18 protein chains.
Amino acid sequence: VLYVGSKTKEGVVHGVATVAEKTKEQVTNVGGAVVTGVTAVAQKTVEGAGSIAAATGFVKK
Amino acid sequence: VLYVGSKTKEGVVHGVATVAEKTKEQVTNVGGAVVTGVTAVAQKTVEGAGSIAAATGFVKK
Amino acid sequence: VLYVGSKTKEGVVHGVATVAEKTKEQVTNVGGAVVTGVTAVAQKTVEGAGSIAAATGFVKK
Amino acid sequence: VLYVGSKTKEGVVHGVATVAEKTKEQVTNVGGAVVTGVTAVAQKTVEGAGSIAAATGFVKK
Amino acid sequence: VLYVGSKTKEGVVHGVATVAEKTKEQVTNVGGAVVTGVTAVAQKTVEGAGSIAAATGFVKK
Amino acid sequence: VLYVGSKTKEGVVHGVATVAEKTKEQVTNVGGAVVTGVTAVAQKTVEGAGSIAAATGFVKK
Amino acid sequence: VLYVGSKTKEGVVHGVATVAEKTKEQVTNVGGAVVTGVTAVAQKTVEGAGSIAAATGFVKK
Amino acid sequence: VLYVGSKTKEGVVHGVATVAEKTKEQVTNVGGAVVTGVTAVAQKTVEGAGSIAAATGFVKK
Amino acid sequence: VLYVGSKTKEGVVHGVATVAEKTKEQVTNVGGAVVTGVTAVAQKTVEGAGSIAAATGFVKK
Amino acid sequence: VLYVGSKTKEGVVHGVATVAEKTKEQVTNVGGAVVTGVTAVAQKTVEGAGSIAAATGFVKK
Amino acid sequence: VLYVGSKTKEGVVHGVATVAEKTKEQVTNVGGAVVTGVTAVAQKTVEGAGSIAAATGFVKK
Amino acid sequence: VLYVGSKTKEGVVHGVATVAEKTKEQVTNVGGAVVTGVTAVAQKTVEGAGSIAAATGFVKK
Amino acid sequence: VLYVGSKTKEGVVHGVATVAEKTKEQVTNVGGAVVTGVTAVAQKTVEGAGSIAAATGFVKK
Amino acid sequence: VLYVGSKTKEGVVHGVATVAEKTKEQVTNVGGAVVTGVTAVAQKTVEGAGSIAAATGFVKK
Amino acid sequence: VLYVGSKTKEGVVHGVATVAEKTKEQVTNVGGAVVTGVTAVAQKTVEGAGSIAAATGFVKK
Amino acid sequence: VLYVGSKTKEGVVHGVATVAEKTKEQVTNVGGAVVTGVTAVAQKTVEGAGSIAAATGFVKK
Amino acid sequence: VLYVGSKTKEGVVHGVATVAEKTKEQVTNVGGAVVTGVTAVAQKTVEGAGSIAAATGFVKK
Amino acid sequence: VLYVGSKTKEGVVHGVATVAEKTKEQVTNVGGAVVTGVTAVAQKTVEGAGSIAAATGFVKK
């Protein structure tokens, strides 16, 4: 790999704006998964055999 | 690897703005997972065999 | 690895602004996991076999 | 590794501003985990076999 | 490793500003873990076999 | 390792400002762990086999 | 290790400002752990086999 | 180790300012641990097998 | 070890300013530990097998 | 005016999130007006004869 | 005016989050006005004859 | 005016979070006005004849 | 004016968090005005004829 | 004016947290005004004819 | 004026935390005004005809 | 004026924490004014005709 | 004036903590004014015609 | 004036803690004024016509 006077972006999350407004919110949960929010993941290299790189709201049995 | 006068970004999260407003919020949980917020993860290299790199609201049995 | 007069960012979280406002909040929990906040994780290299790099609101049995 | 007149950032969290306001908050917990706050973790290198690098609100049995 | 006239940051948390305001807060806990505050961890190198590097609000049995 | 006219920061926490204001706060605890405050940990190298480097609000049985 | 005309910081916590104000605070505790304050830990090297480097609000049985 | 005309800081805590104000505070304790104050620990090298380096609000049985 | 015209700080706590003001404070204790004050510990080298280097508010049975 | 158990908002600006990023910016000005930023004005009542209530980037001769 | 058990907001600015990033910025000014920032003004009542209530980047001759 | 068991906010600015980052900034000024920062003004009542209530970056001749 | 068991805020600025970072900054000024910082003004009542209540970066001739 | 069991805030600035970091800063000034810092002003009542209540970076001729 | 069992704050500045860090700073001044620091002013009542209540970095000719 | 069982604060500055760190600072001054520090002023009543109540870095000719 | 079982604070400065650290500082002054330190002024009543109540770094000609 | 079972503070400065550390300091002065230290002034009543109540670093011609 060789860069000469260059600009690069590799695996980047940028420039996110969010506004949320709720009056009444209720969550009832048993042994599962619930995600209500802002989530950002940036990765360059993930290596493995049976791996999991990024997971949001995941149930494994 | 060789960089000569270059600019790079590898595995970066930047520039996130969030506003939230709730009047009434209730959460009832049994042995699962609940995530309600702002989460940011930035990684360059993750290596393994059966690993988990990034997880938000995850249940494993 | 060789850098000559370069600028790099590897595994970085930066520039996060958050405003939150709640009037009434209630959380009831049994032996699970609940996360309601701001979380930021930045890593360059994680190595292993069956490891877990980043986890927010995780239940393992 | 060789740097000549360069600037780098590796595994860095910087520039985080947060404002929170709550009128009434109640938390009832049994032997699980609850996290409501600001958390920042920055690491360069973590090595192992079955290790856990970063965890927020985690239950292991 | 060789640096000649360079500037680096490796495993650093810097520039965090937080304001919080609560009118009524109540926490009832049994033998689990609750964290409500500001937490910052910066590490350069952690090595082991089945170790835990950073943990906030963690229950191990 | 050799540095010639360089500036480095390795495992550093710096520049943290916090303001908190509460009117009524109550904590009831049984043999678990509760943390409500400002915590900062900076480490360069931690080595071991099954060690724990940094822990805030941790229960081990 | 050799430094020639360099400046370094390794395992340092510096520049922390905090203001807190509470009107009524009550803590009831049984044989667990509660921490409500400002805590700062800076270490360069910790070595062992099954040691614990830094712990705040920790219960071990 | 050899330094020639260099400046270093290794395992240092410096520059901490805190202001606290409480109107009514009450603590009831049974044989656990409670810490409400300012605590600063700076160490360069800690070596052992199953030792504990820094602990604040810790219960061991 | 050899220093030629250098300046170093190893295991140092310096520059701490604190102001506290309480109107009514009450502490009731049974055979545990309570610490409410300013504590500063600076050490360079601690060696042992199962020793404890620094402890504030610690209960051992 | 009479309100009995009601909720009102009169002249309010709330919930604004903005992210901006510029590489090169140049402004050359002679005696006029230039505004490049975030501006928010909230007013309930303004009274007069030839008044000006809200103005952004205004030239009057 | 009479309120009985009501909640009101009159002339309020709240919940604003902003992130900005510039690489090179240059401003050249002669006797005019330039504003590049975050500005928030909240007023309830302004009274007069030829007054000016709120002005940002204004030139009057 | 009569309030019975009510909550009001009149002329209030609250909940503002900002992060800024610039690499090179230059300002050249002759007898005008330049403002680059965070400004917040909250007023309840301003009365007059030809007055100016709030002004940011204003030139009057 | 009569309040019976009420809570009010009139002319208040509260909850502001800011982080700024600049590498090179230069200001050249002739007899004008330049403001680069954080400014907060809170007033309840200002009365006059041709007065000026709040001004930031103002030139009057 | 009559308050019976009420809580009020009139002309108050509270809860401000700021972190700033600059590498090189230069200011050249001729007989004008430059302000680069944190400024907070809180007033309840200002009365006059042609007075100036609050001014930051002001030039009057 | 009559208060019966009430709590008030009138013209108060409280809860301000600031951290600043500069590597090189230079100021050259001719007969103007420069202010670079933390300034807090709290007043209840100021009365006059052509008076000036609060001024920071002000030039009058 | 009559208070019966009340608590008031009128013209008060309280709860200010500041940390500053500079490596090289130089100030060159001719007959103007320069202020670089922490300044706090609290006043209840100031009366006059053409008086000046609070001034920091002021030049009058 | 009549107080019956009340607590008041009028014109008070309290609770200020500051830490400063400089490596090289140089001041060159001609017949102006320079102030670099901590200054606190608390006054209850100042009366006059053309008086000056509080001044820090002031030049009058 | 009549107080019955009350507690008051009028014109008081209390609770100030400061730590300073300088390596090299140089001051060159011609017939102006320079102040580098800790200064505290508390006054209850000052009366006059063209008097000066409190002054730190003041030049009058």
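Basis for what follows: all heavy atoms, side chains included, without hydrogens, waters or symmetry-related copies. Below, read A as the first sequence line, B as the second, and so on, with proteins coming before strands; counting in each chain starts at 1.
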Which residue out of [options] racks up the most heavy-atom pairs below 4.5 Å with chain E?
options                   : answer
F/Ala33, F/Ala53, F/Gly5  : F/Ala33
F/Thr8, F/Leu2, F/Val1    : F/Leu2
F/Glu47, F/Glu25, F/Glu10 : F/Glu10

Closest-packed option against chain F by number of heavy-atom pairs under 4.5 Å, given [options]:
options                            : value
E/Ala17, E/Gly31, E/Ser51, E/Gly50 : E/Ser51
E/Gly37, E/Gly15, E/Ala54          : E/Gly15
E/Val46, E/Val12, E/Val30          : E/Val12
E/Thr39, E/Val41, E/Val59, E/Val38 : E/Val38
E/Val35, E/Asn29, E/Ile52          : E/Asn29

Which heavy-atom pair separates E/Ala42 from E/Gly11 by the least distance, and what is that distance?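 Looking at all heavy atoms of both residues, the shortest contact is CB-O, 3.4 Å.
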Distance-minimising heavy-atom pair for F/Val13 and F/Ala40: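 In terms of heavy atoms, the two residues are closest at CG1-CB, 4.3 Å.
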May I ask you to decide if E/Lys24's main-chain N or O and F/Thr23's side chain share a donor-acceptor pair within less than 3.5 Å?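 No: the side chain of F/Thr23 does not pair with the backbone of E/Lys24.
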With sequence neighbours excluded, what pairs up with F/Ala20 under the side-chain contact (heavy atoms from CB on, under 4.5 Å) test?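 With sequence neighbours excluded, F/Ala20 shows a side-chain contact (heavy atoms from CB on, under 4.5 Å) to F/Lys22, given in chain and number order.
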Contact check, side chains of E/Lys9 and E/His14, non-hydrogen atoms, under 4.5 Å: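 Yes, close enough: below the 4.5 Å cut-off.
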Ring pair (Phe, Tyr, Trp, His ring centres under 6.0 Å): pairs with one or both residues in residues 32-61 of chain E, sequence neighbours excluded: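 Residue pairs passing ring pair (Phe, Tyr, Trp, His ring centres under 6.0 Å), neighbours aside: D/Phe58-E/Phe58, E/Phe58-F/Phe58.
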